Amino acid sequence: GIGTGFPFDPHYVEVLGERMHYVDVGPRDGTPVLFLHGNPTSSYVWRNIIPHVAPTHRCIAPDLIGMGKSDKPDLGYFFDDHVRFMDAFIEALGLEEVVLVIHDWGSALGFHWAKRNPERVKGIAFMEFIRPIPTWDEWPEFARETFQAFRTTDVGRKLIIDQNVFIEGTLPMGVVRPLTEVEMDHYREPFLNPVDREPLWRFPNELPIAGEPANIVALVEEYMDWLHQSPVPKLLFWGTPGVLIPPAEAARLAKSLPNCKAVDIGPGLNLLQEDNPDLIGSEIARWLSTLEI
């Protein structure tokens, strides 16, 4: 049974006038491993991966501003807002060198930070990550109509904010196995107050699809170009059929990105951590040792 509990003491740090919650376990010395979640999750999504890494490495898993147990100010929650809070979170923890383990919008944060701080990144493990989607054809057919509807103001906000469809519908449809009721309640908990669902709606409207929004496309293109030229060790997890990363794209990146190891997790959609956490956690732990310190 994939574990449903969240046995991590809460930690908080002041970041630009707000508090961010984070997991912090494992030994204090050595290179820390920074786990970055995306939409509509929290550090909860890493709960069954962290235990594989924490014996040998510090594990830091923040909740993005507006999400999880972090503070939820009255922001637009643009990607830019997440960048500012995460930059300040990393500095507030005094993090020097890090290994990144990143997913969905957390991977946009992680790659963008790595591009700007390349000397401080000792490895990146990533999965179902944000890349430019050049045409709506390159978005999975089964979720095309709904994400197109999410990317409207009136219909999209009614779906995501008023009716909480990204939590109640999109999130379970991002996992091959059924999420249990205990798991759904952990994911529901940050968003019981409808006004707090703003990040859940802004995030899909930030996705770089068919050239829009132009500012996000540009940013993502820039860090994908950095990633293609960087020698940083890379570990890419992928599933079948995937959502953001179909198997063919994973196979292409395994050869185009330098020093990149790709791992097939089996059946998977977006939240690969919920379908095969033991493989993801085991492989991260073993790969960390191959980085050799």
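We number the residues from 1 along the sequence you see.
Stretches 279 to 287 and 13 to 21 differ in mean C-alpha B factor, with the higher average recorded for 13 to 21.
For the segment pair 132 to 140 and 181 to 189, the entry gives 132 to 140 the higher mean B-factor, averaged over Cα atoms. Between the residues 81, 198, 206, 119, the entry's highest C-alpha temperature factor is the one at 119. In the deposited coordinates, the residue among 101, 173, 214, 109 with the greatest CA B-factor is 214. The entry lists a Cα temperature factor for residue 26 that places it in the middle third of the chain's modelled residues. Residue 94: CA B factor in the highest third of modelled residues in this chain (values from the PDB entry). Ranked against the other modelled residues of its chain, the C-alpha B-factor of residue 64 as given in the entry falls in the lowest third. Ranked against the other modelled residues of its chain, the C-alpha B-factor of residue 234 as given in the entry falls in the lowest third. Sort the chain's modelled residues by C-alpha temperature factor and residue 242 lands in the middle third, per the entry.
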